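Enquirer: First the structure, which I've put down as structure tokens, then a few questions once you've had a look.
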Amino acid sequence: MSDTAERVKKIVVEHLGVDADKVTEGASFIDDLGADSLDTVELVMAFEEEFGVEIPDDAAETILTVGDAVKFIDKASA
């Protein structure tokens with residue numbers, strides 16, 4: 001039913017190569033996936049280039065769980 005969620009999650013599943021079910025709003029790419037700030041940054045950049053938006057650097061710091069990254073891309077998408 002979601003437009004941005006499905007997109008973000010999809011890209012994450014095709015990029016990370018993990019399960020989609022695991023990609024939930026409360027899914028932290030840091031712990032849930034056991035990744036570091038690096039992974040988060042990379043993902044953010046990918047989505048930014050995919051949708052074609054412009055966000056600050058601090059944004060990557062605010063993006064912890066899927067819901068964060070998704071909500072961000074959707075917010076900047078407008």
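Numbering starts fresh at 1 for the residues of each chain in the structure tokens, the chains themselves are lettered A, B, ... in the order given, and ligands are numbered from 1 as they appear.
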Name the residues in contact with residue 53 in chain A at a cut-off of 10 Å, using only C-alpha atoms, excluding same-chain residues fewer than 6 positions from it; report them as a PyMOL selection string.
Expert: chain A and resi 45+47+73-78
Enquirer: Using only C-alpha atoms, which residues sit within 12 Å of residue 29 in chain A once same-chain residues fewer than 5 positions away are excluded, as a PyMOL selection string?
Expert: chain A and resi 9+12-13+16+18+22-24+34-44+60+63-69
Enquirer: How many Å lie between CA of residue 8 in chain A and CA of residue 27 in chain A, rounded to one decimal?
Expert: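 These atoms are spaced 12.6 Å apart.
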